[PDB]
Structure formats: structure tokens, C-alpha cells
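Undergrad: So here's query36.cif, just mmCIF, C-alpha atoms:
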data_model
#
loop_
_atom_site.group_PDB
_atom_site.id
_atom_site.type_symbol
_atom_site.label_atom_id
_atom_site.label_comp_id
_atom_site.auth_asym_id
_atom_site.auth_seq_id
_atom_site.Cartn_x
_atom_site.Cartn_y
_atom_site.Cartn_z
ATOM 1 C CA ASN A 1 5.424 21.125 49.716
ATOM 2 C CA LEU A 2 5.510 17.557 48.401
ATOM 3 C CA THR A 3 4.299 16.847 44.867
ATOM 4 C CA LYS A 4 4.321 13.815 42.571
ATOM 5 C CA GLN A 5 4.446 13.882 38.764
ATOM 6 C CA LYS A 6 5.549 10.269 38.207
ATOM 7 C CA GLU A 7 3.193 7.413 37.325
ATOM 8 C CA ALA A 8 3.049 3.609 37.525
ATOM 9 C CA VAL A 9 1.184 0.866 35.658
ATOM 10 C CA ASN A 10 0.036 -0.889 38.844
ATOM 11 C CA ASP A 11 1.003 0.973 41.980
ATOM 12 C CA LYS A 12 3.768 2.840 43.731
ATOM 13 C CA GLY A 13 3.552 1.432 47.261
ATOM 14 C CA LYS A 14 2.520 3.045 50.534
ATOM 15 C CA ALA A 15 1.602 6.138 48.518
ATOM 16 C CA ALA A 16 -0.654 4.621 45.870
ATOM 17 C CA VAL A 17 -1.830 1.989 48.318
ATOM 18 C CA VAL A 18 -2.890 4.484 50.934
ATOM 19 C CA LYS A 19 -4.172 6.696 48.193
ATOM 20 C CA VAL A 20 -6.427 3.965 46.844
ATOM 21 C CA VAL A 21 -7.595 3.150 50.333
ATOM 22 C CA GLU A 22 -8.437 6.839 51.027
ATOM 23 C CA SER A 23 -9.911 7.433 47.618
ATOM 24 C CA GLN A 24 -11.797 4.127 47.605
ATOM 25 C CA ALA A 25 -13.151 4.817 51.026
ATOM 26 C CA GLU A 26 -13.842 8.403 50.254
ATOM 27 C CA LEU A 27 -16.498 7.018 48.018
ATOM 28 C CA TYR A 28 -17.669 4.676 50.594
ATOM 29 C CA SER A 29 -19.308 7.774 52.134
ATOM 30 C CA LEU A 30 -20.274 8.926 48.645
ATOM 31 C CA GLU A 31 -21.873 5.637 47.722
ATOM 32 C CA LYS A 32 -22.572 4.128 51.286
ATOM 33 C CA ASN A 33 -23.981 7.600 52.109
ATOM 34 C CA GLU A 34 -23.016 7.402 55.797
ATOM 35 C CA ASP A 35 -19.371 7.727 56.889
ATOM 36 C CA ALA A 36 -16.544 5.342 58.122
ATOM 37 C CA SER A 37 -14.632 3.412 55.526
ATOM 38 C CA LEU A 38 -11.762 1.180 56.526
ATOM 39 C CA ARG A 39 -13.554 -1.318 58.630
ATOM 40 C CA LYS A 40 -16.256 -1.280 56.016
ATOM 41 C CA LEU A 41 -14.233 -1.529 52.765
ATOM 42 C CA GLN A 42 -12.512 -4.189 54.814
ATOM 43 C CA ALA A 43 -15.877 -5.346 55.922
ATOM 44 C CA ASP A 44 -16.537 -6.072 52.284
ATOM 45 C CA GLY A 45 -12.906 -7.037 52.240
ATOM 46 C CA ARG A 46 -11.861 -4.900 49.214
ATOM 47 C CA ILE A 47 -8.807 -3.939 51.138
ATOM 48 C CA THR A 48 -7.768 -6.616 53.450
ATOM 49 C CA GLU A 49 -6.455 -5.687 56.847
ATOM 50 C CA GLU A 50 -2.956 -5.733 55.473
ATOM 51 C CA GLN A 51 -3.087 -2.301 53.887
ATOM 52 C CA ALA A 52 -6.143 -1.158 55.695
ATOM 53 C CA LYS A 53 -4.680 -1.838 58.985
ATOM 54 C CA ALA A 54 -1.668 -0.049 57.752
ATOM 55 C CA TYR A 55 -3.989 2.806 56.923
ATOM 56 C CA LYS A 56 -5.696 2.593 60.239
ATOM 57 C CA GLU A 57 -2.216 3.325 61.465
ATOM 58 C CA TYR A 58 -1.788 6.073 58.870
ATOM 59 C CA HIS A 59 -4.911 7.943 59.907
ATOM 60 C CA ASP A 60 -5.834 6.878 63.390
ATOM 61 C CA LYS A 61 -2.465 5.418 64.119
ATOM 62 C CA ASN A 62 -4.409 2.375 65.084
ATOM 63 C CA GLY A 63 -6.646 4.603 67.196
ATOM 64 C CA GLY A 64 -9.690 2.546 66.196
ATOM 65 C CA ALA A 65 -11.809 5.675 65.708
ATOM 66 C CA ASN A 66 -14.399 5.709 62.922
ATOM 67 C CA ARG A 67 -14.533 7.992 59.807
ATOM 68 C CA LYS A 68 -10.916 7.373 59.081
ATOM 69 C CA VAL A 69 -11.269 8.185 55.422
ATOM 70 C CA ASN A 70 -14.554 9.555 54.422
ATOM 71 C CA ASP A 71 -17.206 12.160 55.133
#
If you took the structure in this file and wrote it as C-alpha cells, what would it be?

TA:
Amino acid sequence: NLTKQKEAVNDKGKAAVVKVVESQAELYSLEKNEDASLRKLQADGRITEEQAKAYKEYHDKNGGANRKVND
């Protein structure tokens, strides 16, 4: 039951950050055409391990499992 109508020129923080990681990765599967994401976007280094690791914690909770954000 949480919605957001506000906007920001650059980013908002853990929301926009995670959101760009998820959305960016989401494509990884789209483009990539396989799966995973984090380790890979990171692999390419788009998102360093600063936010990505944070995301790894967001999804996996640092589980280390693949997919994380994709399909």
C-alpha cells in the first residue's frame, strides 16, 4: 500500500538506487538474454559493489544466489 508520486532530477536514494539496479538488471536478462544481473552489471561494473552489494542484501540479503533481479 506504498506509492510514490514525487520525482527527482538525479535520484532519491535507496529507492531510486535500488530501482535503477533492479530496472537496469531487469534488462540484463532482456538484453543479455540469460538471467542473473547484479554480479554481471557489476561484472561490467555499471553498478559498483557499493549499491549492488546493497542490493544483494536487498534481494538475497547477501544470500549470494543468482537471478537476483532479472528473468

Undergrad: Extract, using only C-alpha atoms, all DNA, RNA and protein residues at most 6 Å from segment 50-67 of chain A, discarding same-chain residues fewer than 3 positions from it, and format them as a compact mmCIF listing (two decimals) with C-alpha atoms, keeping the file's coordinate frame.

TA:
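Below is the file part-v1.txt, written as the result:
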# COMPACT_ATOMS: atom_id res chain seq x y z
CA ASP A 35 -19.37 7.73 56.89
CA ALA A 36 -16.54 5.34 58.12
CA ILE A 47 -8.81 -3.94 51.14
CA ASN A 70 -14.55 9.56 54.42

Undergrad: Could you give me, as CSV, a per-residue list for segment 35-65 of chain A showing, wherever an atom lies at most 12 Å from an atom of segment 27-31 of chain A, the closest pair of atoms and their distance in Å to one decimal, using all atoms listed in the file and sorting by chain then residue number from low to high?

TA:
residue,atom,partner,partner_atom,distance
A:35,CA,A:29,CA,4.8
A:36,CA,A:29,CA,7.0
A:37,CA,A:28,CA,5.9
A:38,CA,A:28,CA,9.1
A:39,CA,A:28,CA,10.8
A:40,CA,A:28,CA,8.2
A:41,CA,A:28,CA,7.4
A:42,CA,A:28,CA,11.1
A:43,CA,A:28,CA,11.5
A:44,CA,A:28,CA,10.9
A:46,CA,A:28,CA,11.3

Undergrad: Rounded to one decimal, what separation in Å do you get between atom CA of residue 71 of chain A and atom CA of residue 18 of chain A?

TA: 16.8 Å

Undergrad: State, in Å with one decimal place, the distance from atom CA of residue 11 of chain A to atom CA of residue 32 of chain A.

TA: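 About the pair atom CA of residue 11 of chain A and atom CA of residue 32 of chain A: they are 25.5 Å apart.
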
Undergrad: For atom CA of residue 13 of chain A and atom CA of residue 68 of chain A, determine how far apart the two atoms are, in Å to one decimal place.

TA: 19.6 Å

Undergrad: Taking all atoms listed in the file into account, which of A:69, A:48, A:2, A:7 comes nearest residue 23 of chain A?

TA: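 Checking each of A:69, A:48, A:2, A:7 against residue 23 of chain A, counting all atoms listed in the file, the winner is A:69.
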